[PDB]
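> Please find the sequence and an experimentally derived structure below.
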Amino acid sequence: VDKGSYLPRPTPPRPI
Amino acid sequence: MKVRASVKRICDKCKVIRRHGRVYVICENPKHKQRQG
Amino acid sequence: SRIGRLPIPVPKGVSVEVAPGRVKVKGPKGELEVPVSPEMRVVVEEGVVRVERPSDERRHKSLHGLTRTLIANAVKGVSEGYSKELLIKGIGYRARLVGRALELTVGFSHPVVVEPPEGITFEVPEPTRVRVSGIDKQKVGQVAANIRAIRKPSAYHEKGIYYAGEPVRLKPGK
Amino acid sequence: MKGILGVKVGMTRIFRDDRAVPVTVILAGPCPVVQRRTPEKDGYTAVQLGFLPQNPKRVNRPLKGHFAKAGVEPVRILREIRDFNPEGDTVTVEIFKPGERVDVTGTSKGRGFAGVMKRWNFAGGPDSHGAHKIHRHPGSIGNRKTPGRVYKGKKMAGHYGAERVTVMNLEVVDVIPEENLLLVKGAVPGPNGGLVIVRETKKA
Amino acid sequence: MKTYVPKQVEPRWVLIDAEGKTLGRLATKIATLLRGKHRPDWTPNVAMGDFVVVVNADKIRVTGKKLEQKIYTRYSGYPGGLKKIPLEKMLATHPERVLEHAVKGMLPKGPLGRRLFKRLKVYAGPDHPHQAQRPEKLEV
RNA sequence: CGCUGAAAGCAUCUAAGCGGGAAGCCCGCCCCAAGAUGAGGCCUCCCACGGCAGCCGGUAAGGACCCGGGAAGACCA
RNA sequence: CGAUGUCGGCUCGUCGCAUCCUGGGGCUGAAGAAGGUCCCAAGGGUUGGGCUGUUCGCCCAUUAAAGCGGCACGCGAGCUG
Ligand SMILES: [Mg+2]
Ligand SMILES: [Mg+2]
Ligand SMILES: [Mg+2]
Ligand SMILES: [Mg+2]
Ligand SMILES: [Mg+2]
Ligand SMILES: [Mg+2]
Ligand SMILES: [Mg+2]
Ligand SMILES: [Mg+2]
Ligand SMILES: [Mg+2]
Ligand SMILES: [Mg+2]
Ligand SMILES: [Mg+2]
Ligand SMILES: [Mg+2]
Ligand SMILES: [Mg+2]
Ligand SMILES: [Mg+2]
Ligand SMILES: [Mg+2]
Ligand SMILES: [Mg+2]
Ligand SMILES: [Mg+2]
Ligand SMILES: [Mg+2]
Ligand SMILES: [Mg+2]
Ligand SMILES: [Mg+2]
Ligand SMILES: [Mg+2]
Ligand SMILES: [Mg+2]
Ligand SMILES: [Mg+2]
Ligand SMILES: [Mg+2]
Ligand SMILES: [Mg+2]
Ligand SMILES: [Mg+2]
Ligand SMILES: [Mg+2]
Ligand SMILES: [Mg+2]
Ligand SMILES: [Mg+2]
Ligand SMILES: [Mg+2]
Ligand SMILES: [Mg+2]
Ligand SMILES: [Mg+2]
Ligand SMILES: [Mg+2]
Ligand SMILES: [Mg+2]
Ligand SMILES: [Mg+2]
Ligand SMILES: [Mg+2]
Ligand SMILES: [Mg+2]
Ligand SMILES: [Mg+2]
Ligand SMILES: [Mg+2]
Ligand SMILES: [Mg+2]
Ligand SMILES: [Mg+2]
Ligand SMILES: [Mg+2]
Ligand SMILES: [Mg+2]
Ligand SMILES: [Mg+2]
Ligand SMILES: [Mg+2]
Ligand SMILES: [Mg+2]
Ligand SMILES: [Mg+2]
Ligand SMILES: [Mg+2]
Ligand SMILES: [Mg+2]
Ligand SMILES: [Mg+2]
Ligand SMILES: [Mg+2]
Ligand SMILES: [Mg+2]
Ligand SMILES: [Mg+2]
Ligand SMILES: [Mg+2]
Ligand SMILES: [Mg+2]
Ligand SMILES: [Mg+2]
Ligand SMILES: [Mg+2]
Ligand SMILES: [Mg+2]
Ligand SMILES: [Mg+2]
Ligand SMILES: [Mg+2]
Ligand SMILES: [Mg+2]
Ligand SMILES: [Mg+2]
Ligand SMILES: [Mg+2]
Ligand SMILES: [Mg+2]
Ligand SMILES: [Mg+2]
Ligand SMILES: [Mg+2]
Ligand SMILES: [Mg+2]
Ligand SMILES: [Mg+2]
Ligand SMILES: [Mg+2]
Ligand SMILES: [Mg+2]
Ligand SMILES: [Mg+2]
Ligand SMILES: [Mg+2]
Ligand SMILES: [Mg+2]
Ligand SMILES: [Mg+2]
Ligand SMILES: [Zn+2]
């Protein structure tokens, strides 16, 4: 059942 | 068999019996046969 | 109003010997062991067995009656014996004796054969009448019930195996 | 509860009543009894059978003594059959007649480290529509925090085969005593050349 | 003055006829004997109780409806792997387990309690193989 | 669903006792399994070796190493 | 909130039982066959397709049946997107 998404779609980690 | 929390006599021919920890009702009329549950 | 206190006539010549927790009962037709509560006293009088109870608590009153009857039945069994008659009803329906065994033709695609257990005797006087006989009342009534169960009375037709003296109660169809 | 040891030799089919009959041929006889197990001595009943003759040069001393006590020439394999006490000192294919039904035990062919699709007939992943390096992978192995672990017994990749397998209720198609041959209809575990046990069947 | 500590003692073997005794009320006593708490030099960190032989375990007794309703339980670790076996059946199959299981639960958990339990020797039926030990019969 | 049967003179499958009764339960089938430390059993083999429930050394029955391989196998086994 | 990735699908299960089927049963306004209704039962089973991102639902063709729920609306360090 569709509800609010609570995170944005994640991107792979930017290099540290 | 009727199974229900309220078991009662239905006709005067109806007999309340306790049998193996349970309340049944027996009648010569099969419709009236009940066990409590 | 009371069974336990009522005494048991013991005919000549059946014997009754009491042991702690049993009474043995012998007669012309054989013997029977009656297991009996340690708590009742079974008392042997002239031509009379009686049972007495230790108090008037419900359990004792309950064991009392049971006990008299249990012995009284044993007594009758070794003297007169016990029997039950079964009638067969319905067109195809028949009984015949195959040696010591009871063969039943009652509408199945096969006949049903009942072997007598020890102490039980089967007799077919006519072919729609069966007689179960023995000295043990429970055993008799039981084997009787077994045979009847092979084909209970139908609810719509005088058809099936019946106890003698069992009323035919049918209901309508359409 | 008769039984015998044998080697699987291979399959063919025979023609019987205008029918092709798939068969496995087993060399079974002759099996010298080399110890009897009894209730008084051993606590249960069975026969230790031997099979295939061995080079005495290869039989160490504790083994030789065992054979000696039976007056039995040395043999490559010893295996018991349970609840079987034959009259003779020797068991041969003759204990079976065509038409009887048997169970055969073999050691199955060994597949080594096997994937989930070969081992457990798992479905695998898609081959396109975006499947990323998961074409033969098992999928999920669990739930989340409850229960937070994997069931004992969960089907996973691992070794598969080279195990004891018993195929049951096989028809005996022929027996050829002059060559110690038992022809059983169907398939028997293991490779050609592998050891098998042929027992009377427990099916009815 | 420091409290007395016993040097190692020779343990005493004891024999108990379980027949007709009430399972639980026998088990507590067996436990005491195994801990060694009948002994005035009781020391809690050494095994210094008796070895206990019990016979006729199959003839243990139980009150109420427990033969039918008391359920022993075993978990295998596998899905659906909780086996429930009732007293009746346990007596009919491994009768000595009934006493064994009851005494075990009345011993301490830990390395010592486990060791104490090995000192219990329970037999169904009137005989036992510990003749060499000449176990002293105890009424309890 | 019964048999027998009181309390409760009748009746009652129940209070004593006995029966029938499910693809379900226990056994039975197939596989693992004595690290089952509660470490089971049987058959066979070796032997009561030297120097000083311990150590050092040479052996026994046996085992490993190495090698040729294997419908066994990732190495290992 | 110095991060417990969020629908659906796939994969892989596992459990509950208020049972969809299969087994046992009582009552039936149960003649039979077929139903209804309640009780016991969770061992196993519980199909393929059109539409739509759908879950759901409707529909086609079958079926003994085409069960309902829980497992972070089970499962993105397993995939999809
Ligand atoms: Mg990042
Ligand atoms: Mg009402
Ligand atoms: Mg009224
Ligand atoms: Mg009545
Ligand atoms: Mg007299
Ligand atoms: Mg008096
Ligand atoms: Mg043994
Ligand atoms: Mg093998
Ligand atoms: Mg391989
Ligand atoms: Mg795979
Ligand atoms: Mg496979
Ligand atoms: Mg495949
Ligand atoms: Mg697939
Ligand atoms: Mg594929
Ligand atoms: Mg796809
Ligand atoms: Mg991608
Ligand atoms: Mg790819
Ligand atoms: Mg998650
Ligand atoms: Mg957990
Ligand atoms: Mg392997
Ligand atoms: Mg032929
Ligand atoms: Mg091959
Ligand atoms: Mg004491
Ligand atoms: Mg303390
Ligand atoms: Mg045992
Ligand atoms: Mg404890
Ligand atoms: Mg603690
Ligand atoms: Mg009646
Ligand atoms: Mg009666
Ligand atoms: Mg009255
Ligand atoms: Mg009773
Ligand atoms: Mg019963
Ligand atoms: Mg019956
Ligand atoms: Mg079946
Ligand atoms: Mg094995
Ligand atoms: Mg071992
Ligand atoms: Mg083993
Ligand atoms: Mg343990
Ligand atoms: Mg061993
Ligand atoms: Mg090598
Ligand atoms: Mg190699
Ligand atoms: Mg947050
Ligand atoms: Mg953090
Ligand atoms: Mg973080
Ligand atoms: Mg996380
Ligand atoms: Mg589910
Ligand atoms: Mg239910
Ligand atoms: Mg049904
Ligand atoms: Mg009908
Ligand atoms: Mg109608
Ligand atoms: Mg009609
Ligand atoms: Mg119905
Ligand atoms: Mg009902
Ligand atoms: Mg189920
Ligand atoms: Mg299940
Ligand atoms: Mg289900
Ligand atoms: Mg299209
Ligand atoms: Mg679609
Ligand atoms: Mg849809
Ligand atoms: Mg919709
Ligand atoms: Mg149907
Ligand atoms: Mg569908
Ligand atoms: Mg989710
Ligand atoms: Mg919620
Ligand atoms: Mg779900
Ligand atoms: Mg998810
Ligand atoms: Mg992802
Ligand atoms: Mg997802
Ligand atoms: Mg995850
Ligand atoms: Mg993750
Ligand atoms: Mg993950
Ligand atoms: Mg994670
Ligand atoms: Mg994956
Ligand atoms: Mg998008
Ligand atoms: Zn009525």
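Arrived safely, thanks for sending. Residues are numbered from 1 along each chain as shown, chains lettered A, B, ... in the order given. Ligands and ions are numbered 1, 2, ... in the order given.

> State the number of residues packed around the residue of chain B found nearest ligand 8.
At 54.2 Å from ligand 8, residue B:20 is the closest residue in chain B, using C-beta to the ion. (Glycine included, C-beta is placed from N, CA and C.) When neighbours are counted by other C-beta atoms under 10 Å in any protein chain shown, residue B:20 registers 5.

> Run through the residues that contact residue 2.
Defaulting to chain A. Applying C-beta atoms under 8 Å, 6 or more residues apart in numbering or on different chains to residue A:2 gives no contacts.

> wrong chain, I was asking about chain B
Here residue B:2 is in contact with B:31, B:32, B:33, B:34, B:35 (C-beta under 8 Å, 6+ apart).

> Generate a ChimeraX selection restricted to the buried subset of the residues you listed.
Under the burial definition 16 or more other C-beta atoms under 10 Å in any protein chain shown, those of those that qualify are selected in ChimeraX by:
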select /B:32,34,35
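
> Against chain E, how distant is the closest residue to ligand 8 within chain A?
Minimum separation of chain A from ligand 8 (C-beta to the ion) falls at residue A:12, amounting to 53.5 Å. Separation of residue A:12 from chain E (C-beta to the nearest C-beta, to the nearest Å): 37 Å.

> likewise residue D:150?
Relative to chain E, and taking C-beta to the nearest C-beta, residue D:150 is found at 11 Å.

> Kindly report the same for residue D:47.
From residue D:47 across to chain E, the span is 29 Å (C-beta to the nearest C-beta).

> Repeat that for residue C:116.
Counting by C-beta to the nearest C-beta, the gap from residue C:116 to chain E is 32 Å.

> for the residue of chain C found nearest RNA strand G, what are its contacts?
Closest to RNA strand G within chain C is residue C:173: 2.6 Å, counting by C-beta to the nearest atom of the strand. Residues near residue C:173 by C-beta under 8 Å, 6+ apart: residue C:156.

> can you give me the strands in chain E?
With DSSP state E, the ranges of strands along chain E come out as E:13-17, E:51-55, E:71-75, E:82-86, E:120-122, E:136-137.

> Who are the packing partners of the last one?
Going back to what we said before, that points to strand E:136-137. Here strand E:136-137 touches strand E:13-17, going by 3 or more C-beta pairs under 8 Å, 6 or more residues apart in numbering or on different chains; DSSP states H and E.

> I'd like the distance from the strand it packs on to the chain centre, please.
11 Å (C-alpha atoms, centre = their mean, to the nearest Å).

> do stretch D:82-96 as well
For stretch D:82-96, the distance to the chain centre is 18 Å (C-alpha atoms, centre = their mean).

> go on, stretch C:72-92?
On the basis of C-alpha atoms, centre = their mean, stretch C:72-92 sits 6 Å off its chain's mean C-alpha point.

> repeat for stretch C:90-99
Distance, centroid of stretch C:90-99 to centroid of chain: 23 Å (C-alpha atoms, centre = their mean).

> Is that stretch in proximity to RNA strand G?
No: judged by C-beta under 7 Å from any atom of the strand, stretch C:90-99 makes no contact with RNA strand G; its nearest approach is 12.8 Å.

> ok, now stretch E:68-81?
Yes: using C-beta under 7 Å from any atom of the strand, stretch E:68-81 reaches RNA strand G at E:79, E:80.

> What's the nearest residue in chain C when you look at ligand 20?
Counting by C-beta to the ion, chain C gets nearest ligand 20 through residue C:110, at 54.1 Å.
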